[PDB]
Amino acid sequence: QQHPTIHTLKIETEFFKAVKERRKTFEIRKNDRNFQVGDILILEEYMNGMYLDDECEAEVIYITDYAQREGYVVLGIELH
């Protein structure tokens, strides 16, 4: 019944911090990965072309394309 896809994405440090702090509870992404509610994002801290070896895991709990540019979606996320 449930088969989430795990997506591993880079996230620039400023936004990583905002997510980890639960101030930013969504991700704005091109929908080239067929994102679905229940999917898992592994958000990997990245800065100036380097992975910084910190991450956080979040579930996609809501998706919308409302008012977005072609191909973009807003993914509502719940940090684990």
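We number the residues from 1 along the sequence you see.
Colleague: Sorting by Cα B-factor within the chain, modelled residues only, which third would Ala67 end up in: lowest, middle or highest?
Modeller: Bottom third by C-alpha B-factor.
Colleague: Could you place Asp32 in the lowest, middle or highest third of its chain by Cα temperature factor, using the values in the record?
Modeller: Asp32: CA B-factor falls in the highest third of its chain.
Colleague: Which third, lowest, middle or highest, does the C-alpha temperature factor of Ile11 belong to within its own chain?
Modeller: It falls in the middle third of the chain.
Colleague: Please say which third, lowest, middle or highest, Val19 falls into when its CA temperature factor is compared across its chain.
Modeller: Its C-alpha B-factor belongs to the middle third of this chain's values.
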